[PDB]
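Here is the structure we will look at.
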Amino acid sequence: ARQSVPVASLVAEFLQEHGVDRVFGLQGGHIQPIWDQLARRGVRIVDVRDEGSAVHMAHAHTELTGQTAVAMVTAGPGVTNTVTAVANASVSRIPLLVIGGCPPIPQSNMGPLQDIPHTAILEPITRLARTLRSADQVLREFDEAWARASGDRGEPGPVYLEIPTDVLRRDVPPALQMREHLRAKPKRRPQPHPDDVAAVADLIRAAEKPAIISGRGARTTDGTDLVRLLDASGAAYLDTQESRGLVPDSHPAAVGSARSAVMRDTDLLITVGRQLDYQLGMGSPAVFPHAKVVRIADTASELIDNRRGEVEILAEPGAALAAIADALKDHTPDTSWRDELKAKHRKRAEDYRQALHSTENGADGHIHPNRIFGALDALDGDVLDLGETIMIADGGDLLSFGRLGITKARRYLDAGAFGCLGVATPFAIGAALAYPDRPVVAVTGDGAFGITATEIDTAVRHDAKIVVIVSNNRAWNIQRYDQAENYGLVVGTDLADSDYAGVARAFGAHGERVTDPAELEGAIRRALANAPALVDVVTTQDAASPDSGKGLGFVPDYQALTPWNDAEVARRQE
Amino acid sequence: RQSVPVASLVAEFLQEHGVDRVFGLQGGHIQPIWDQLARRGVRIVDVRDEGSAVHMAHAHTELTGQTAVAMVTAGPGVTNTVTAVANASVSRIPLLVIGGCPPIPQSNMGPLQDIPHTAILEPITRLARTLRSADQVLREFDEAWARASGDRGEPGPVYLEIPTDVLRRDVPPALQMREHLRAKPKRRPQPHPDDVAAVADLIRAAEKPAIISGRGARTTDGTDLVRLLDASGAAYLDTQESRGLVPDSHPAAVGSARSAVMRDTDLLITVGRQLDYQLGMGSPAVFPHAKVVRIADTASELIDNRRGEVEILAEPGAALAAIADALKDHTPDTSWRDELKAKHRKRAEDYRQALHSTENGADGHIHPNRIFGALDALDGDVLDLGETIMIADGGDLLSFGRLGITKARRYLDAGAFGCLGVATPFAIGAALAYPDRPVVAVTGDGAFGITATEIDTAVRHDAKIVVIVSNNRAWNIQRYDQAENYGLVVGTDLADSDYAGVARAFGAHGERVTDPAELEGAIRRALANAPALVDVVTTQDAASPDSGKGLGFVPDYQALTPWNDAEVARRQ
Amino acid sequence: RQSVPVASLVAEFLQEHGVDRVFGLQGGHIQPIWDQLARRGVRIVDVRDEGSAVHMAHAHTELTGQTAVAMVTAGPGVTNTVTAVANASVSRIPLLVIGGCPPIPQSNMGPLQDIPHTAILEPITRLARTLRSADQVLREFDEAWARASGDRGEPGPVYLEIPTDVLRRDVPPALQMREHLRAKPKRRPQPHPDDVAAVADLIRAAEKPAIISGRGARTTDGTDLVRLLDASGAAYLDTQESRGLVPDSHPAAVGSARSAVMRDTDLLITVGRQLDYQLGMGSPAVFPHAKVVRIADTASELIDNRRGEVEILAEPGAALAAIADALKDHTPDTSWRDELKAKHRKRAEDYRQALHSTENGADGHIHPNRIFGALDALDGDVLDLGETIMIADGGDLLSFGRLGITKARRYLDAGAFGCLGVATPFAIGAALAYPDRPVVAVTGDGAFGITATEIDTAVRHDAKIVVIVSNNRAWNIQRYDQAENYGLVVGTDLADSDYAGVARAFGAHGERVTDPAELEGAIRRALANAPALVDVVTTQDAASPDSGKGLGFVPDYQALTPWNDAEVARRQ
Ligand SMILES: CC(C)(O)C(=O)SCCNC(=O)CCNC(=O)[C@H](O)C(C)(C)COP(=O)(O)OP(=O)(O)OC[C@H]1O[C@@H](n2cnc3c(N)ncnc32)[C@H](O)[C@@H]1OP(=O)(O)O
Ligand SMILES: CC(C)(O)C(=O)SCCNC(=O)CCNC(=O)[C@H](O)C(C)(C)COP(=O)(O)OP(=O)(O)OC[C@H]1O[C@@H](n2cnc3c(N)ncnc32)[C@H](O)[C@@H]1OP(=O)(O)O
Ligand SMILES: CC(C)(O)C(=O)SCCNC(=O)CCNC(=O)[C@H](O)C(C)(C)COP(=O)(O)OP(=O)(O)OC[C@H]1O[C@@H](n2cnc3c(N)ncnc32)[C@H](O)[C@@H]1OP(=O)(O)O
Ligand SMILES: Cc1ncc(Cc2csc(CCOP(=O)(O)OP(=O)(O)O)c2C)c(N)n1
Ligand SMILES: Cc1ncc(Cc2csc(CCOP(=O)(O)OP(=O)(O)O)c2C)c(N)n1
Ligand SMILES: Cc1ncc(Cc2csc(CCOP(=O)(O)OP(=O)(O)O)c2C)c(N)n1
Ligand SMILES: [Mg+2]
Ligand SMILES: [Mg+2]
Ligand SMILES: [Mg+2]
Ligand SMILES: [Mg+2]
Ligand SMILES: [Mg+2]
């Protein structure tokens, strides 16, 4: 038998009933009424140093667990501190709820403390951004916003709700507190149409070099239906930064070191929960010169962008993949192309991984960042199980080296399609609190690190067992290198030889500096035994990542990378 | 003139408009402009977080009156500015943010960092545009610069972004017009004599006139304001945004009598000041006896919440001088002002003296007021507070700072927006603007963690700042609201962090203080070795004035409980 | 493929996507596209007011299921569409508006008609963009077309504009991709069997199940809906947007029992229908006994106001069929449905009979119900109402129309938006879509004055419409609220205008009727001579159902007084 209670109590209850067991945030007066109620219900409060980091932690939680996560921030600068992290979640299509404080209704437009247009600022990068002015309707609005965060009436992504403090304190009569709005809801499961399933299976049977490229929507599955389709199709398989870990490394389809060869030669590109954005050359005929196109997703955000499918399936991707696998029951696939790529991939990836253990110092006498990945690979099955480890990468050159150097991980997170520097520490904290049994390892550039370094404090106060490894090359180095190479003028891209280990120790974390690459395995072993911990690696400026070599820093007219841009320029003059 | 890329013409526009430094953080989308600024000899002050670059621009413009410039790359570079842009918008500070953005051919296709920057910033800018016509970029820059001053709006931040393909396009020489490149003077609208006369009539009829200053008054040197105070007999209050205009010894300057002035004035004259929550919305509940007059060069300081019986829209100096002239032959009645001044002398002097001996709290740690006591004791020894730029930031620390900082050439703080983390970026902007003297920033530990890594910026660019941290291991004004009013403290504690160690890790001088008697020495050594941080282990057992008045509770009608109580009584 | 201008490629995209007509009003900014459509043989239906062109597109898409297209020039051409765009957005109707806009070089310089079209339309469109990259225009068109269907949003209007310099730019052939030119099928997401089973379980447990249809059900042919009604024993209500799916004689069809069904159902099943104000917000105050199930192909008809114990997101036909199949072996309990059906037969038959003899009001003029009586009497004589598209518009006239129009192949009206003036533009779109039969639009005089000049469009394009005007010299539902509830009638009277004369002035057949016995003859002659208008001099002494229920008062919680009273009781 419900009673009359304040909006603030109902909001705390809505969240807990929807399966929220933690709220990331930073306290202010505008949200204290909710903050208090969450604590009294036993919801864990993870309080941070910068509200942006709380939204990064929510992001990591939802991406890893599939549970929509929640950040709570006060009016004015509390909300404006979230915009980068909200934009990043919007770009990556991650369900999350930001609850903001805002001034009481009587003072609207009168210059109360922190009256800025939060909803107008956030509308462009949210699925919903509202001020809730009717106490009796707050539960309803919460439940509808939660559904919109999952993608209802839009596509998956962040939502924003704010409740004027006078409304937070208003009582709601029990008759208006409806169980259907309080209760957790299951995810939607739209199913494929059998005609579209049949049509894709026909394209696969007629293709000689089918390739699957996965993304976000595939990563919401466990990968088993994806594997069933790979087996039934003979397709080669590429993942992206947002879809690592779905297919065993030894699978005959898994050809991660043959990215260019797959895109150049596939006659049937099958996207699974994946945008054809700049990360896949806009799906341009310039980059996929032979490919017919099929798109499978539970959101048209991964069906209609840049290329249209000969067939497009809007359905739960696991169901779609299983249905197509079933339709290929009596198909004997032609695997010769996939198998030739897999034979070459085995050698290229094994040679690359082996060479990580002995990469030479640069001309400045400092460690090559590849040695960090070499050291991690050497510790695998000794003091950590990389196969159970959540790996995070962030920075410029460091991030690009990380994409090749991180091959075994239960899960991978990074700067995202948005190129959001500073996610490493907040992501590692969200990851470690989600999965408390194993250290989380975040490898970051020094530039990226300076943005969220003070969250080391959060890791210590909340006991998040993270290991942060900093590639300390005294520079925004991928940028420094573009300046030097293409302008003959390096200016405002140098940083200093800062003591990041000392910063970590100043906030009560374990910290150590490494200048000798032979010390790396030991330093990372000690960091793992004493997490939360930072290893500050003095790295070379004389090292170009693959992203560096390919003009990422230059921003060409048509494509993110020079080679792809050159192919696009040729395509325009046919 | 020759044919040159948009990127060159932008660098030239800035330098010709008097820009000698740009704050920012490099990315590929803005490198073409970045390069051209460096080749022209414009100083690039590169930061650790783009938000801090916009804070630095803000401090430069507020102190110098010269519109300042931040430059950031596409996507997260622009989104990292939103708090600092909002803070400048709230404070009405002219500044230009130049963002990178993707090339035109890739619009809406998911290129790297294609988010709607202009839609995000439109609500908190005077202008937010994407510049797609190479030949018109110069024009757009000049018009945006005028709008940052308040043209077609009110003073505040503007945002311009140039797709990278447009940055690289040549402009023919005939389209590069001198009138858009050249620096422009500020506007100087003059008062109408009938409005001046009508204000002088109101002053002659008033027994207890009071002047409250703000942003617009602070754009003057104070001399015209002092002339009107002399001619009117008015009491004088400033606000956080208008400190240092009137000598402390002036018979009108009654800074410890804020409540008595608002309760009893029969003529409130606002000078370039909003009647926002900082002045009780100008409500009759807070000014129960006051007729109202408003003077400003922007209706943002004329129409908000209370209307003037007279409103003057003019350059405020000219308006103040004209009213002073019109009070030729008036003998002002100063008895109320003088009675407040006598009480003020006692109250302010006893308060400042007590700063040198404030007891430790019950937890055995330093009362933050001892930091202001130590700074007062060093005045005329190792620093001239009268020439010093002082910055305050935090919760309880900020409220204590408002009373403890009484001599400063200039004062900056969290602003009407309550923007925590401004201390370090403001101190850097201030120090590079005025390189002759250390700048002193006093901050809460909570606020400091937001922008602490900008200590690195201060060291790399040799900004002579001294940061003093009130390290009370807490968001303490919030922790205190929780404990007092909910009996539940949760998620407002921090730790006993080594902020001296953080500062030393970034190559700054650093010292920790636990004994209040060590403060003078530590501050002396910090001043001699700037950039420097003093980490003061402070008490949680200390309630600021803001704490005692319910700032943390957020009442229905007013920011503070006493004002809210008065508003509830007015409403029935 | 060859190199061709953007303007040609746009014309080709439209024709390939199945567009055989474009509604609009010519201007210089869109002439390049206008010309190319005509050269390709796409019919141009030019109108008197751009709003009407978008109304015509709306009616075309709602009736045919083919996305329709309006094209308007820059500035006032685009701003004239805003009501019709809002109406399509509220009703969730796919349509494309193509606006002109100024060339890129002149952006922000005050060129002719540079207003922010995309900012004005963003809040009421699924997409609103300015297309600045010639090679990407085709792609943008195809993606916008998909978003109009509901992709990345929900069904509704999209807006695209192309600066005139871009319209004139060539696209190389390699960039003209077949996949963007070609027509696309509608999406067909399928139900999950566990959700289908869980709905069938709820139906088996229910004693008084009721199905209420809307937009999404009306995109089907009704056969799957009738299968579920047969298998479930459910009562059936439609709404204005879902008429004609279930034969009137079906044992479930209880259209005169709306209140009894909502009061007593223990299982409300919405089929492609919002629980907006038209269904009492789905409030427990209006459905006090109902569990809720929601079925739709868009969460716009699943999450609003009430959540389902089950929600099915799927093509509604497939969902209905699957649930019918799952009710294999169920014997439904029809006693409640049958008791409503027996009462419905009497009430609806007595009501329809009474339409032929309704008395004149106290002012001696025709009761508008006689118009529906006359149409009923001509059925099977000079027109087949069962094949006729019927349109209603106005205040009291619209409410009388909801009861008086019982046979129509299809029905359109003012919509949930209450958009007065749709009658004539809807009738024109309907008539050009279905050229074999006259379309009959019944309208208030108030509503008609908004779009009356589109009679000219009907004549110039030979749309066989018959417009019947309820000429009560008033905005009468409003005049009646004023008189009853304020004792002051002011600014709601119109005059005894000659609407027949207006119609004849634009070359249409026209007749005025003052004697109710003349209605059958006048409507016969109008049908034989379409396009035609019948101007009926109607009473002000006639309260519609909407009038009696306080629609005009706007209560706090619900659109109607009785529902509002029930909501107030629920709230205490
Ligand atoms: C513009 C600026 C600088 O101001 C910014 O803001 S940048 C923002 C921060 N940076 C980012 O967010 C990065 C954005 N860029 C990208 O995400 C990528 O450049 C891309 C998605 C556009 C392209 O990535 P790739 O498709 O090239 O994928 P990678 O995983 O990086 O693969 C690189 C190469 O290594 C190869 N490879 C991968 N795993 C390997 C393995 N295990 N062993 C050996 N080789 C391996 C791979 O095949 C490929 O070689 P190739 O076939 O093209 O020759
Ligand atoms: C809501 C939350 C907590 O989540 C937030 O986000 S808060 C954001 C962070 N904080 C802020 O941004 C501050 C916001 N508040 C304010 O700016 C102020 O509370 C106020 C402007 C609204 C009110 O300030 P006052 O008018 O009280 O001004 P102060 O300079 O603080 O003076 C306080 C008292 O000390 C007095 N005083 C000033 N200088 C003195 C002196 N030198 N010696 C002695 N007394 C002195 C002054 O007269 C007054 O006493 P009284 O007259 O009312 O009795
Ligand atoms: C693009 C499209 C078609 O789709 C649209 O939407 S157009 C929208 C509807 N039309 C408009 O709103 C008109 C917009 N255009 C204009 O306003 C004008 O074209 C203009 C302002 C841009 C240019 O006007 P002018 O400066 O040429 O001024 P007018 O008063 O029209 O003068 C025309 C000529 O007559 C002359 N003139 C004026 N008064 C006269 C007099 N009394 N006797 C003799 N000659 C006279 C005048 O000097 C001038 O000749 P000249 O010196 O250029 O040779
Ligand atoms: C918030 C923001 N501002 C700028 C940029 C632009 C950028 C992308 S990569 C990069 C250099 C990163 O340096 P780091 O030290 O982390 O890595 P390394 O190259 O190994 O030295 C910058 C400045 C982005 N994406 N985000
Ligand atoms: C970005 C932002 N997030 C939250 C808040 C809300 C707030 C206002 S005051 C306060 C406490 C500040 O603690 P600090 O340690 O600096 O000061 P002290 O009381 O002396 O211990 C908070 C959290 C604001 N204004 N801005
Ligand atoms: C564009 C617009 N402006 C006002 C209104 C408000 C309204 C709703 S009903 C009504 C009266 C309609 O008078 P009409 O003469 O057509 O009907 P009748 O009652 O039979 O005499 C008005 C003015 C609406 N909905 N739309
Ligand atoms: Mg930030
Ligand atoms: Mg939005
Ligand atoms: Mg670096
Ligand atoms: Mg503190
Ligand atoms: Mg009427």
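By order in the structure tokens, chains are A, B, ...; within a chain, residues start at 1; ligands start at 1, following the order shown.
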Compile the residues of chain A that lie within 7 Å of chain B, evaluated using only C-alpha atoms, and express the compilation as a VMD selection string.
chain A and resid 27 to 30 45 47 49 to 50 76 to 77 80 to 81 83 to 84 104 106 to 107 110 to 114 117 120 to 122 124 166 277 to 278 306 417 to 418 420 450 to 451 454 479 492 to 493 498 to 500 502 to 503 506 to 507 553 to 555 557 to 558 560
Which residues, written as a PyMOL selection string, have at least one atom at most 6 Å from residue 400 of chain A, with only C-alpha atoms counted and residues fewer than 3 positions away on the same chain left out?
chain A and resi 397+403+545+547
Please identify every polymer residue within 7 Å of ligand 9, using only C-alpha atoms and all ligand atoms, and present the set as a ChimeraX atom specification.
/A:395,445-447,471-477
If you keep N, CA, C and O atoms, can you produce a file of those selected residues as a CSV table (one decimal), in the first residue's frame?
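Output saved as out-v7.csv:
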chain,number,residue,atom,x,y,z
A,395,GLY,N,44.5,8.2,-25.8
A,395,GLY,CA,45.6,9.0,-26.3
A,395,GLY,C,45.7,9.1,-27.8
A,395,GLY,O,44.6,8.9,-28.4
A,445,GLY,N,48.0,7.8,-23.2
A,445,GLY,CA,48.9,8.9,-23.4
A,445,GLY,C,49.0,9.8,-22.2
A,445,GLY,O,48.0,9.8,-21.4
A,446,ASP,N,50.1,10.6,-22.1
A,446,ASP,CA,50.2,11.6,-21.0
A,446,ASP,C,49.3,12.8,-21.2
A,446,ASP,O,48.7,13.3,-20.2
A,447,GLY,N,49.1,13.2,-22.5
A,447,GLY,CA,48.1,14.3,-22.9
A,447,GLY,C,46.7,13.9,-22.4
A,447,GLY,O,46.1,14.7,-21.6
A,471,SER,N,52.0,6.3,-21.1
A,471,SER,CA,53.1,6.5,-22.1
A,471,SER,C,53.5,8.0,-22.0
A,471,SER,O,52.8,8.8,-22.6
A,472,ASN,N,54.4,8.2,-21.2
A,472,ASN,CA,54.9,9.6,-20.8
A,472,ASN,C,56.0,10.0,-21.9
A,472,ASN,O,57.2,9.7,-21.6
A,473,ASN,N,55.6,10.5,-23.0
A,473,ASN,CA,56.5,11.0,-24.1
A,473,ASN,C,56.5,12.5,-24.1
A,473,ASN,O,57.1,13.0,-25.1
A,474,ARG,N,56.2,13.2,-23.0
A,474,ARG,CA,56.4,14.6,-22.8
A,474,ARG,C,55.7,15.4,-24.0
A,474,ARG,O,56.3,16.5,-24.3
A,475,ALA,N,54.6,15.0,-24.5
A,475,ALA,CA,54.1,15.5,-25.7
A,475,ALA,C,52.7,15.0,-26.0
A,475,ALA,O,52.3,13.8,-25.6
A,476,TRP,N,51.9,15.8,-26.7
A,476,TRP,CA,50.8,15.4,-27.5
A,476,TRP,C,51.3,14.9,-28.9
A,476,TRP,O,51.5,15.6,-29.8
A,477,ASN,N,51.9,13.6,-28.9
A,477,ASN,CA,53.0,13.4,-29.8
A,477,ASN,C,52.5,13.2,-31.2
A,477,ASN,O,53.2,13.5,-32.1
Show which residues sit within 8 Å of segment 292-300 of chain A, as a ChimeraX atom specification. Count only C-alpha atoms, and ignore same-chain residues fewer than 2 positions away.
/A:151,155-156,190,200,217,267-274,290,302-304,307-317,320 /C:151-152
Would you mind listing the residues within 9 Å of ligand 8, counting only C-alpha atoms and all ligand atoms, as a PyMOL selection string?
chain A and resi 122-129+154+159
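From atom CA of residue 146 of chain B back to atom CA of residue 184 of chain B, the distance works out to 8.5 Å.
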Any idea what's packed within 6 Å of segment 386-392 of chain C, counting only C-alpha atoms, ignoring anything in its chain fewer than 6 positions away? Could you give it as JSON, numbers by chain?
{"C": [398, 407, 408, 409, 410, 411, 412, 413, 439, 440, 441, 442, 443]}
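Closest approach to ligand 7 among A:3, A:332, A:53, A:108: A:53, based on only C-alpha atoms and all ligand atoms.
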